[PDB]
Every structure is written in structure tokens, then in C-alpha cells.
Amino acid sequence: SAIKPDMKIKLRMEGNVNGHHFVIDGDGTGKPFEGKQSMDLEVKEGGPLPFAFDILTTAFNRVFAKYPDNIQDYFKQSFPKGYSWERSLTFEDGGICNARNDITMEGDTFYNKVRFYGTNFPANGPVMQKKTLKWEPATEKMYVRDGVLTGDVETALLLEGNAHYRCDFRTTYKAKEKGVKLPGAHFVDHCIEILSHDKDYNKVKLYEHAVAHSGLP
């Protein structure tokens, strides 16, 4: 196994939300076999961000997922060469994001090249007015569509005032190695949490826990 029980994470995100440009660096560690990761994020350019930091957090690696023996782990079998993903986020008020990550490994470290583009957020909506509190825990549905591993999530951001803001995720995942076998359909339960932040979310500590399962107890 190329993947050790303790791995480091290095990340750079560039992107643009409603025309606002930004650059964010990440430094973290995780336990690929326990499904756990955490990381310190720092806004390097375009701070303070004029939108809700929460829209970005799922773009800051399904290698950090606890897979049982009875499900093919596409993510861990993709290393050392790595894999990339492409994701569409569709919000109920017409806000749309496209994100991608190209993930490589050098020794004990995953390197992440992240791009994030958002548009059509209404100026009076909760993203641009910074009204989000968190992502609700969710279940990703994994399946194969036209020979490509696909993950679907239907989930929501909790807002101030006991409201939810609905988002649909679709992610496609591709190994760089031709010949990594596709898994069968399955689920990934995940929970993402901001553990701490400073006044304008220029510095954020982010945590994710993910577990794969076949949908029974």
C-alpha cells in the first residue's frame, strides 16, 4: 500500500464567485483508513471574502473515507498516480458552482490543485449576505453512468432563522491510471464542520469524516 495511515495535505484553491477573485492555501493531515481529515485554510488574496465561506468547504478528497472490504475503494487504488474530480453545485435560488481538483501524491503528502467558479447568486440571497450556519450531514450516492464513477448528494445549508437552503451536488471521479476497476454502487455518509475561524473567515480549521456502506446495518 502506497497510502500510509497518517498522510499530509497541501492545497491551493483559485477561483471566482460572482466576479470576486480569491486565492486560498491549505495545510492539513488525515487518516485515510479511519475516514478523517482536518486542515488549516488561509485566504491569501481577495480577503475578506464577500460571500459565505460555507459554499467552498466541500471543495477543500474521497481517499479520506473508511471503506469496508466488501466495497471496491476506487480512491485508494488510484494512488500513486492519483485522480481528479469535477463537481456541479446547483442551489435552489439559481446559484451555480463548478469545481475541480487534480490530486497527486509525493511521499507522505497529497497535493491538491483546486478551482472553484460560482455565478448567478442573487445579491439579496444568503450566500452574498453571509447568512449560512453549516452543511447538514449527507449521504453521497455512488454509481456508474456511461463508464464514469458518479456521486449524487441532495443536501442543504442551515441558515440563520430556522431555514434550509437546498443544494444538489453531482461529482464525476476519474483515476489517471487506465485500468483501475470501477466499484459497484454504494453510499458514502459524510459530515463537514468548521471547527474554528477568525473574524472574516480569513483563517478556518475544517474537519470531514466519511464512511462508505451498502445501505444496511
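The first residue of the sequence shown is number 1, and the count goes up from there.
| task | Enter the number of deposited residues without atomic coordinates between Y67 and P68, binned as none, 1 to 3, 4 to 9, or 10 or more. | result | The entry has no gap there; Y67 and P68 are joined directly.
| Mean C-alpha B-factor higher for 35-43, or for 145-153? | For C-alpha atoms only, the mean B-factor is higher in 145-153.
| task | Would you tell me which stretch averages the higher CA B-factor in the PDB entry, 173-181 or 186-194? | result | Between 173-181 and 186-194, it is 173-181.
| query | Should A210 be placed in the lowest, middle or highest third of its chain by the C-alpha B factor in the entry? | reply | Ranked within chain, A210 CA B lands in the middle tercile.
| message | Sorting by Cα B-factor within the chain, modelled residues only, which third would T109 end up in: lowest, middle or highest? | response | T109: CA B-factor falls in the middle third of its chain.
| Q77, C-alpha B-factor rank within chain (lowest, middle or highest third) | For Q77, whose C-alpha B-factor we compare with every modelled residue in the chain, the answer is the highest third.
| Record-listed C-alpha B factor of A99: chain third | Answer is lowest: the recorded C-alpha B-factor places it there.
| message | Can you tell me whether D168 has a C-alpha B-factor in the lowest, middle or highest third compared with the other modelled residues of the same chain? | response | Middle third - that is where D168 ends up once the chain's C-alpha B-factors are sorted.
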